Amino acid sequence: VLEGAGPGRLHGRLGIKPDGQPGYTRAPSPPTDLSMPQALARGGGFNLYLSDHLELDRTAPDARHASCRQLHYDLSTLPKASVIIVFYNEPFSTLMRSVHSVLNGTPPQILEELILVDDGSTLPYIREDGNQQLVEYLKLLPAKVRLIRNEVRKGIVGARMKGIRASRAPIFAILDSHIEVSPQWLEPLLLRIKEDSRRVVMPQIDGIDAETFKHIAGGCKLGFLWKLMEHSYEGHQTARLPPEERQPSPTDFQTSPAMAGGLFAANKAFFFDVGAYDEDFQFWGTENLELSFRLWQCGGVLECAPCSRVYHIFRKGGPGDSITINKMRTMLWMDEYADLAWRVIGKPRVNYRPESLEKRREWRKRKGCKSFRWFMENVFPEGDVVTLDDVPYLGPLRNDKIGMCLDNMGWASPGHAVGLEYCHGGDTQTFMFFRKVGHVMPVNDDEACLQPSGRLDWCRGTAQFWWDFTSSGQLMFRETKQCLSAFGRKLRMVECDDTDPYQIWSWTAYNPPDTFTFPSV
């Protein structure tokens, strides 16, 4: 039951005790002699001295465009929804604030429940063998709110699964454990899925500083890099969209090849029929790109909602064998393109659970999921590699005259010079070519682009990174029409003369198979 309800306290006044004083004892203002690096250290990314001093009913600004406030929903016609917050060792202030923001900002008749999932927390206030601070504080919240636990820590997929299974409503929404909503955040999501159950709709994300906690606005279309992480459409990538979509209205829903994180809503039935999540994914990793490829390919639709805004606390501080498994398993959905991605993350040989993954290959064909080439040709044709014929060359860039190859000289990360070293055949000495934008990059970072300076730097789809690889073997920078020379084991730009053997290179052609055979375990 809701006691004292009203605008901004849609579920009533939360956290009050029998005697009327609040059930949370807020903290004093952070000390004046307060070293920010130590505070983010002891807070796991946040300034917890401040969060503990801020109110759990903190009032946030409306990050929604003005046109979003001019819409009217009918809360009787909308399907109830289960919000699912999953947390591992989230502090009390941030966690309880996220919950307050949801209950205060979600009409109760469209919020079936609010499920808090303990993914094996090891803190006294969240542990069943300790303070019991969380358990006792929950008794001061609506009945909608129920806690459930994982015996041990199962990770992102494992805990969202425990949470989604427990839901009751037709629709479930997933929220982080360190967030604040803007008003009317859930109404747009319910309305969009009511009209088509196949749609997974995600809110657009604003920020909360992890040092000052100032609210900050934020950015819909998202692609992916061949290192297998989401990547917001670069400027030259929106320029390929149709004109009618290059600059979309701030109230319209627009699609997205990928989802950035795990803040989305979906119909529980459709979600379970479209594959749900790969429960052999380990801890935190590439689940976002494997749920995104699978959704689109198996008759789904992914779009963001500019009228559905949620604030998130991006951190400023703090396994490894897990992120490479999640990536190999994501390649199932990439078909022949998995060769390229496999090479970019370093030809990794791991135990990707080949048994369960073959039962995901069976499931994939039983549903008749569309190919990854379908994906690239119809969902992400703005990308730079829509077919593997767009990667004409992958291998060493060798200069026969001096008998040396290029070398990232250690790392592929942007911002450091390239060198000429004796050829040894390792990935450090392998480079790829993207022809749609003329990018000479190290195979291990498709965000790193060679420049006439001889230095790698961040890739931009522009003329300052465009290279032509001529048929004589030259690396001609398009804007100056000068060619690259290895003279004196130094890299300088010179006049183009196909008779100059110091500027003529050899680059391995890239003709991968039509099917990718996974690397043995």
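Note that residue numbering follows the sequence shown and begins at 1. For clarity, a rigid core is taken as the largest C-alpha set superposing within 1.5 Å between two forms.
- Using the rigid core as the fitting frame, the root mean square C-alpha deviation in 7 other deposited structures of this protein is greater for 42-50 than for the other of 42-50 and 455-463.
- Relative to the shown model and aligned on the rigid core, the C-alphas in 7 other deposited structures of this protein deviate most, among 413-421 and 250-258, for 413-421.
- Missing deposited residues between residue 218 and residue 219: 1 to 3, all without coordinates in the entry.
- In this entry, residue 318 is separated from residue 319 by 4 to 9 residues of the deposited sequence that have no coordinates.
- Set 452-460 against 34-42 and average the Cα temperature factors; 34-42 ends up higher.
- Two stretches are in play, 486-494 and 65-73, and the higher mean C-alpha B-factor belongs to 65-73.
- Ranking 384, 358, 445, 230 by the C-alpha B-factor listed in the PDB entry places 358 at the top.
- Note on 108, 142, 188, 275: the highest value goes to 108, judged by CA B factor as recorded.
- When all modelled residues of the chain are sorted by CA temperature factor, residue 178 is found within the lowest third.
- For residue 280, the recorded CA temperature factor ranks within the middle third of the chain's modelled residues.
- Residue-level temperature factors show residue 504 in the middle third of its chain, judged at the C-alpha atom.
- The deposited CA B-factor of residue 29 belongs to the highest third of values across its chain.
- Ranked by C-alpha B-factor against the other modelled residues of its chain, residue 252 falls in the middle third.
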